[PDB]
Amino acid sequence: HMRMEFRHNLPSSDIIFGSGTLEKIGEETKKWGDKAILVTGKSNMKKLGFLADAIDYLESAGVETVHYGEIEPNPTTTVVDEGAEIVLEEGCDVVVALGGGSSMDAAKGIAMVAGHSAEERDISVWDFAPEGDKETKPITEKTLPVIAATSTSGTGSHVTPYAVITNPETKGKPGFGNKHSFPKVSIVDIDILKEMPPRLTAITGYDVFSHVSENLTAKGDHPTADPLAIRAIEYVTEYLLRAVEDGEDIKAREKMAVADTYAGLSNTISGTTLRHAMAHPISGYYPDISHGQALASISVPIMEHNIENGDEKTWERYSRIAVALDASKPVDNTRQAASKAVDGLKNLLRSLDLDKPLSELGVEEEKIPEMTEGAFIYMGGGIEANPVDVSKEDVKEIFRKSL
């Protein structure tokens, strides 16, 4: 028998789940600081009034708050480094995020730069970011505390250590972070998430699926992630299209937010693999391409590559994904059983109108070697976590079949 061996690492988590739990953001932030920077996008939290509420709760708590409403989707290094300067100029001591993955990741990055800076700065968030064998600057407990109120049922970021930051100079979009950048408190407010439009629901829903299906097939044993990852796929199958079709379907919103929370916990314990490794350089080189659509448009060729070069242990995992996707009934450890996950994936992608080749999003064949070097330089952990090897041209071939 093959001995099972793993190390499970999961930072402390504190999750406040329910509708109206934004009311708690002030009291919880005060436990961690007296002067918050509130990190949000530019318009949607404002428009739907949750921004005003959050400011009200923080200040009614008695947390002085500087609003940084500058985060655009796929946050950049300049937006993070500028946010940290505001932290250092105003003497903020806790970073609060209200927004999707882009805001929560910018928030964690601001926490990192600002906690490790001198008085004015002398460091960039890129110093923490993987870049080939470049020795990264260690992320330490100096990282400012982060409070995360998520507004998407998508990235898991309210319960992960990771920030995903794009350098516009190199187009890298790596992820980085550890126990010191994991949010001290995570607020999941159904009243915010139920305002996601249909298409944002579907994109971020597919991100939930992408995490847990990759977490399950990552190389090695990771049993503590697996029941959460499986339950998440089962909730995606049962509830994501319900949420896309009726945003006011509260049970469907709750299950997607539970599933999104499973995915963050699962992505912390396990890790993503080749699908994320190649999806990030897509948003790096094409910053208006959603992360969840980049994932969707390359999923079928990658899943088919992993099954074809896999083994019995990997196939069994893909077979369990197929059962959870309702594309199959019995779990088995064969190439054929694993292939039904490809059938289930295509149905999911079709039900959510995510099945689009990379050409339809604006990606051009000329950018293949650029993105391929992007995946290995900035997402090397994902390539190494993939259940099968991929060479540099393995990845270029995958990109082209996704075209």
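The first residue of the shown sequence is 1; numbering continues from there.
Higher mean Cα B-factor in the deposited model: 83-91 or 149-157?
-> According to the entry, 83-91 carries the higher average C-alpha B-factor.
Higher-B stretch (mean Cα B-factor, as the entry records it), 324-332 or 233-241 | According to the PDB entry, the answer is 324-332.
Return the residue from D105, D226, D246, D189 that has the highest Cα B-factor in the entry.
-> Most elevated C-alpha B-factor of the set, per the entry: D246.
Ranked C-alpha temperature factor of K313 among modelled chain residues, by third = It belongs to the middle third of the chain when residues are ordered by C-alpha B-factor.
For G220, does the deposited CA B-factor place it in the lowest, middle or highest third of the chain?
-> For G220, whose C-alpha B-factor we compare with every modelled residue in the chain, the answer is the middle third.
CA B-factor placement of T21, once the chain's modelled residues are sorted into thirds | According to the entry, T21 has a C-alpha B-factor in the chain's middle third.
Entry-reported Cα temperature factor of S391, expressed as the chain third it lands in = According to the entry, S391 has a C-alpha B-factor in the chain's highest third.
In terms of the chain's CA B-factor thirds, is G175 lowest, middle or highest?
-> According to the entry, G175 has a C-alpha B-factor in the chain's lowest third.
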